[PDB]
Amino acid sequence: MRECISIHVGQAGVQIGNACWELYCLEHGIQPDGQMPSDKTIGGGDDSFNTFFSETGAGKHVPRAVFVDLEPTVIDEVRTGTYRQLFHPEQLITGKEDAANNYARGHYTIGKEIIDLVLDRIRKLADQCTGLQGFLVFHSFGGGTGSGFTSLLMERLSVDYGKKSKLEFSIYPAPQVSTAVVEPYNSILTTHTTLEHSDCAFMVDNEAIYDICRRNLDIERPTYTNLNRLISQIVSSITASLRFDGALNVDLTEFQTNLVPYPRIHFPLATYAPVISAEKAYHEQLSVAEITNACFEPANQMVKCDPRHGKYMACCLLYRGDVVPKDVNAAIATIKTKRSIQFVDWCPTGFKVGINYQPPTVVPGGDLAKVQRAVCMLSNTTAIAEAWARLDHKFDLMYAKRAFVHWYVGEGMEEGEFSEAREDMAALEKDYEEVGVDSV
Amino acid sequence: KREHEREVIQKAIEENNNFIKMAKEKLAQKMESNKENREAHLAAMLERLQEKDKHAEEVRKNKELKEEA
Amino acid sequence: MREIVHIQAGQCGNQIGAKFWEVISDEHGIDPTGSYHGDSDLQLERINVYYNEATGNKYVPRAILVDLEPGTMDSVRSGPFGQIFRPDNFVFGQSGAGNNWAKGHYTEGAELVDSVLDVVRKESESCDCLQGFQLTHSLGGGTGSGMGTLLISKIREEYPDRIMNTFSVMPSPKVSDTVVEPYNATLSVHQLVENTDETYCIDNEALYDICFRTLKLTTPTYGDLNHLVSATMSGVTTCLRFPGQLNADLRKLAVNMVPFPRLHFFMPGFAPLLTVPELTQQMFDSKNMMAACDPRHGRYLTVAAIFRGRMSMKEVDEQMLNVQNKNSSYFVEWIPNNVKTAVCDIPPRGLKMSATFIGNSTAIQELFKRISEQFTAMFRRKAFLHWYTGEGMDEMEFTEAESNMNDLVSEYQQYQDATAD
Ligand SMILES: Nc1nc2c(ncn2[C@@H]2O[C@H](COP(=O)(O)OP(=O)(O)OP(=O)(O)O)[C@@H](O)[C@H]2O)c(=O)[nH]1
Ligand SMILES: Nc1nc2c(ncn2[C@@H]2O[C@H](COP(=O)(O)OP(=O)(O)O)[C@@H](O)[C@H]2O)c(=O)[nH]1
Ligand SMILES: Cc1ccc(CN2CCS(=O)(=O)CC2)cc1
Ligand SMILES: [Mg+2]
Ligand SMILES: [Mg+2]
């Protein structure tokens, strides 16, 4: 009951999936071979962790996940890696030729050859669920598969599962680790296409994660591995309410009620703390007040933007570890005093709090220190539209000359889809302005 | 009140079914429009390459009519 | 894997083609007998991009050798790595081309093209997932120039959605005295603008100047010029044949480099000919370009850079940002983040660090203006046209080729003067 199916699309989605499931296995005591000695439920059960893992009669705990990519090299590492025995081979789906950073090839030319196989594999996971709650789709904005194939998959999932909730973890492009000049094109196209088919999307700005690794972990030139392990902690915080239970645990869907005031306004801003090296953790114990204060420091945001320049429509605090309400209440009282958190006039201003007592976990060989308590804040601020603005400006610079547009048209797309998608983004920027205007 | 309760749940069902239906139709239209466009672009390319071969033949032919044998 | 099928046509094509396979074979630990004796598993990671694996763990280049005369290919078969090539992939005629584009494209070249396609078709048919073809040839002769573009057209008819990539050697009076080279070159550019996805402009004018002024070679030979070509070809293919994130296949490189389908003619560079700042400054210097063009006379649409060897990636990132910031005037504003940088830990032979430069700059119009200048100097007086009309051609085909290349130049100028606002 309450099962969640995870779908990792393209290189970014797959590698982030490697990090997330490794971290999940460590948090739950699941070995690389899938065995979980602490689970006396052999072959099944209704435990909270069963929302993300099915069980076999042999004692195997298998992620409720599908990995898909249009070329094999990334998923091949999963097939031969440390957790190769964790997944059934049919959960790892690959083609032979990728989308070449071209949304059109992922959504049409190449994606159409494998979409039916992917949907068939997802259907096999669904059939094992007693009460499927929805999907979690991990993907980059900038890749041809992460953008084009994700969009096609999201559209097809709406057809096959109707109103079933679909959440995204979306990798917003940054120049320091970007691979294609046309990534602004692919970002606008997939955002336009999937906007109707997701009711919540967490954007992860690669530049934000890049800066946090450099600044807070003293990593000169962070790699995808550095970035993905930090991303997995944020993903873990967000899904911890689904995978663990407890007296103070608040289900992610209850935060969702507060986070999404209108279908299109469904892009929460995530902030995680503490991100601290082992050298510094050896000296400092970070209290509830300290990590909460960090949530309102823009440097710790998952997306670069200035919430001071916007208005809040919701604010949720997801704690894990050694945290009691008393400490939270005091920390929150201070923050409201020191920081001016401006809400829109049409929604309440009270922070929504959840606490998962299971303490944070870190993977060996990582750079994150192991702390006793951590927090992920999810806020709905109009300032996240600034991320759309930066992307829309690069789109406009290139599109005014039709630069690279022939690669998309050559694959079957029309200019009308570019302008239609860009107009949707302009409407979205306008929608975020309107929701922040006071009532009169 | 019972008939209003029926109409609400019927409307909820109709809204789910209509979301499925509209999504199915939009995707089918994009899939079809894209197949036509790409195939048409390949046809133009090959058609140009065919005109090249046609031209290469009327060039080899032109060399024949330059004979005084 | 993701196979590339390699083709080399004519004297120049086979000369630089052989050197290319010598250099990369050494990089991948393949010896003249096709056996692997390298040391790093990164050598064999993506070996299948350029090599087939025969019986006994033997690696055979996926290469096809074409020429309308046997001479050049015979010396290849007797070269150092001559026995590494598949004997059945030597496809040659006897009559030769006589530096005549018409002969290589319409007459003798057309009588031999089908047997070449049979071998091409045989290599492609045994590819797990063919991604495209690369052709090496000159534009000044007759075989590689005329028959080379013919093969491109015929191949493109049977593989319309695969990537077509060529290394094209532009003619220069400083190297060859053959008088008709401006004709053959323009007729070739006429084809390359239409039927290729990406072309590396290997300019014999720049190769000579590098050898003479930089290397201090009073009397540059073809061997000297070809050392630069193979070093360059090694650089621009490192991303295709080593585990890499950026521009790892022919199509992704094309999508990052070609904002408009006709402007697909690249200005390659190399350095050195030593710190990361020095490597970066040298690879962007006009004197390190393999095309006789100064990038400061135009603007960059896109740029691909690959650094080879062990070095600080933080430093590379800073120097790549620095060279862009301090030279922003030379990068079009309406293509943001148009410079991409790849890194490969495996350096080239002899060097500890190396940087290879691939520029799509509007300054390449200087190369085409030079060819057009030499072309019209002969065409406005209808000089030497009988070599070509005697094969069936008429003055119309020359006129069309002239206007197409002249149009290319104006298109480069159009985007050079374009502005964001
Ligand atoms: N955070 C993070 N970003 C990644 C990772 N891998 C790729 N990216 C980003 O994703 C974008 C490129 O898209 P990819 O996911 O690599 O491409 P793809 O989805 O496989 O699509 P194609 O390769 O074109 O078929 C760039 O912005 C990369 O910086 C990763 O492991 N972690
Ligand atoms: N860089 C370089 N250029 C060459 C080589 N051989 C010939 N060329 C050039 O190619 C042109 C002659 O074309 P050629 O290859 O002989 O024509 P083909 O053999 O009939 O196809 C002249 O401009 C030469 O300068 C070579 O080995 N290296
Ligand atoms: C009854 C009903 C309610 C909502 C929706 C639309 N919604 C889009 C976002 S989603 O794909 O995550 C879940 C469905 C359809 C039907
Ligand atoms: Mg990929
Ligand atoms: Mg010659």
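Computation of the quantities below employed the complete heavy-atom set of this structure, encompassing side-chain atoms and omitting hydrogens, waters and symmetry-equivalent molecules. Note that ligands are numbered from 1 as they come in the structure, with each ligand's atoms numbered from 1 the same way. Chain letters run A, B, ... following the sequence lines, proteins first, then strands; residues in each count from 1.
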Margin query: I need the contact type for A/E183 against ligand 1. Using non-hydrogen atoms and a strict under-4.0 Å cut-off, is it side chain, backbone, both or neither?
Written below: side chain
Next item on the list: If the plane angle is over 60° it's perpendicular, under 30° parallel, otherwise tilted; pick one for C/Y183 and C/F375.
Entry: perpendicular
Next item on the list: Under 4.0 Å, heavy atoms only, figure out whether ligand 1 is touched by the backbone of A/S140, its side chain, both or neither.
Entry: side chain
Check: Stepwise, does the side-chain hydrogen bond (donor to acceptor under 3.5 Å, both in side chains) test hold for C/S176 with C/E181?
Finding: CA-CA 9 Å; C/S176 180; C/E181 291 185 352; 2.6 Å; yes
Checklist line | Minimum-distance pair of heavy atoms, taken over all atoms of C/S172 and C/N204 | finding: CB-C, 4.0 Å
Margin query: Only heavy atoms of A/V177, strictly under 4.0 Å: list the atoms of ligand 1 that pass.
Written below: 28 (C), 29 (O)
With the criterion set at N/O pairs under 3.5 Å, what does the list of contacts between the protein and ligand 2 look like, atom names and distances included?
{"residue": "ligand 2", "atom": "1 (N)", "partner": "C/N204", "partner atom": "OD1", "Å": "3.0"}
{"residue": "ligand 2", "atom": "1 (N)", "partner": "C/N226", "partner atom": "OD1", "Å": "3.2"}
{"residue": "ligand 2", "atom": "3 (N)", "partner": "C/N204", "partner atom": "ND2", "Å": "3.2"}
{"residue": "ligand 2", "atom": "10 (O)", "partner": "C/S138", "partner atom": "OG", "Å": "3.3"}
{"residue": "ligand 2", "atom": "13 (O)", "partner": "C/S138", "partner atom": "OG", "Å": "2.9"}
{"residue": "ligand 2", "atom": "13 (O)", "partner": "C/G141", "partner atom": "N", "Å": "3.1"}
{"residue": "ligand 2", "atom": "15 (O)", "partner": "C/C12", "partner atom": "N", "Å": "2.8"}
{"residue": "ligand 2", "atom": "15 (O)", "partner": "C/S138", "partner atom": "OG", "Å": "3.2"}
{"residue": "ligand 2", "atom": "16 (O)", "partner": "C/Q11", "partner atom": "OE1", "Å": "3.3"}
{"residue": "ligand 2", "atom": "19 (O)", "partner": "C/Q11", "partner atom": "N", "Å": "2.6"}
{"residue": "ligand 2", "atom": "20 (O)", "partner": "C/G142", "partner atom": "N", "Å": "3.3"}
{"residue": "ligand 2", "atom": "20 (O)", "partner": "C/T143", "partner atom": "N", "Å": "3.1"}
{"residue": "ligand 2", "atom": "20 (O)", "partner": "C/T143", "partner atom": "OG1", "Å": "3.3"}
{"residue": "ligand 2", "atom": "21 (O)", "partner": "C/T143", "partner atom": "N", "Å": "2.9"}
{"residue": "ligand 2", "atom": "21 (O)", "partner": "C/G144", "partner atom": "N", "Å": "2.6"}
{"residue": "ligand 2", "atom": "23 (O)", "partner": "C/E181", "partner atom": "OE1", "Å": "3.3"}
{"residue": "ligand 2", "atom": "23 (O)", "partner": "C/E181", "partner atom": "OE2", "Å": "2.8"}
{"residue": "ligand 2", "atom": "25 (O)", "partner": "C/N204", "partner atom": "ND2", "Å": "3.1"}
{"residue": "ligand 2", "atom": "25 (O)", "partner": "C/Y222", "partner atom": "OH", "Å": "3.1"}
{"residue": "ligand 2", "atom": "27 (O)", "partner": "C/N226", "partner atom": "ND2", "Å": "2.7"}
{"residue": "ligand 2", "atom": "28 (N)", "partner": "C/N226", "partner atom": "OD1", "Å": "2.5"}
{"residue": "ligand 2", "atom": "28 (N)", "partner": "C/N226", "partner atom": "ND2", "Å": "3.3"}

Check: In the protein, which heavy atom is nearest to atom 19 (O) of ligand 1, and how far is it?
Finding: A/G146 N, 2.8 Å
Check: Under 4.0 Å from ligand 1, counting heavy atoms only, is it the side chain of A/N101, its backbone, both or neither?
Finding: both
Check: So is C/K252 close enough to ligand 1, meaning a heavy atom under 4.0 angstrom away?
Finding: yes
Next item on the list: List the closest protein heavy-atom neighbour of atom 4 (C) of ligand 1: residue, atom name, distance to the nearest 0.1 Å.
Entry: A/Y224 CE2, 3.3 Å
Item checked: For atom 31 (O) of ligand 1, the protein heavy atom that lies nearest, with its residue and separation -> A/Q15 NE2, 2.7 Å
Item checked: Interfacing atoms of ligand 1 (cut-off 4.0 Å, heavy-atom, A/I231) -> 1 (N)
Check: Any idea which protein heavy atom is nearest atom 32 (N) of ligand 1, and the distance to it?
Finding: A/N228 OD1, 2.6 Å
Item checked: Contact check, side chains of A/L391 and A/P173, non-hydrogen atoms, under 4.5 Å -> yes
Margin query: Out of all atoms in ligand 1, which are within 4.0 Å of some heavy atom of A/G144? Include the element for each.
Written below: 21 (O), 22 (P), 24 (O)
Notebook entry, point to check: Between A/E97 and C/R162, is the closest basic N to carboxylate O distance under 4.0 Å?
Noted result: yes
Notebook entry, point to check: C/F20 vs C/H6 aromatic rings, parallel, tilted or perpendicular, using cut-offs 30° and 60°?
Noted result: parallel
Note to self: Distance under 4.0 Å to a non-hydrogen atom of A/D98: what atoms of ligand 1 satisfy this?
What the structure shows: 23 (O), 25 (O)
Check: Counting only heavy atoms, which portion of A/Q11 has something under 4.0 Å from ligand 1: side chain, backbone, both, or neither?
Finding: both
Notebook entry, point to check: Looking at C/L250 and C/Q131, what are the two nearest heavy atoms and their distance?
Noted result: N-OE1, 2.9 Å
Notebook entry, point to check: Does A/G143 reach ligand 1 with a nitrogen or oxygen that is under 3.5 Å from one of the ligand's nitrogen or oxygen atoms?
Noted result: yes
Next item on the list: Would you check if there is a donor-acceptor pair between the side chains of A/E411 and A/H107 at a distance under 3.5 Å?
Entry: no
Notebook entry, point to check: Just heavy atoms, cut-off under 4.0 Å: does A/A100 contact ligand 1 by side chain, backbone, both, or neither?
Noted result: backbone
Next item on the list: Classify the angle between the aromatic ring planes of A/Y185 and A/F395 as parallel (below 30°), tilted (30 to 60°) or perpendicular (above 60°).
Entry: perpendicular
Note to self: Check A/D98 with C/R251, please: is the shortest side-chain N to carboxylate O separation under 4.0 Å?
What the structure shows: no
Item checked: Proximal atoms of ligand 1 relative to A/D69 (non-hydrogen, under 4.0 Å) -> 20 (O)
Checklist line | Test of proximity, A/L227 against ligand 1: N or O pairs below 3.5 Å | finding: no
Checklist line | A/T193 side-chain N/O to A/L189 backbone N/O, donor-acceptor pair under 3.5 Å | finding: yes
Check: Is A/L70 in contact with ligand 1, taking contact as a heavy-atom separation below 4.0 Å?
Finding: no
Next item on the list: Considering heavy atoms of the protein only, find what lies nearest to atom 12 (C) of ligand 1 and give residue, atom and distance to 0.1 Å.
Entry: A/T179 OG1, 3.5 Å
Check: Would you say C/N14's side chain and C/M73's backbone share a donor-acceptor pair under 3.5 angstrom?
Finding: no
Next item on the list: Show your working on side chain to side chain contact (heavy atoms under 4.5 Å, CB included) between C/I163 and C/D249 and close with a plain yes or no.
Entry: CA-CA 10 Å; C/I163 296 299; C/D249 70 76; over 6 Å; no
Check: Taking only residues at least two apart or on different chains, which pairs with a member in residues 90-103 of chain C satisfy side chain to side chain donor-acceptor pair (under 3.5 Å)?
Finding: C/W101-C/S188
Next item on the list: Nearest heavy atom to atom 21 (O) of ligand 1 wins, so pick from C/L246, A/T145, A/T73, A/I16.
Entry: A/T145
Next item on the list: Could you tell me which non-hydrogen atom of A/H139 sits nearest to which non-hydrogen atom of A/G146, and how far apart they are?
Entry: ND1-O, 2.9 Å
Check: Is there a side-chain contact between C/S145 and C/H137, using heavy atoms and a 4.5 Å cut-off?
Finding: no
Next item on the list: Could you name the option among A/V9, A/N206, A/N102 that has the heavy atom nearest to atom 1 (N) of ligand 1?
Entry: A/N206
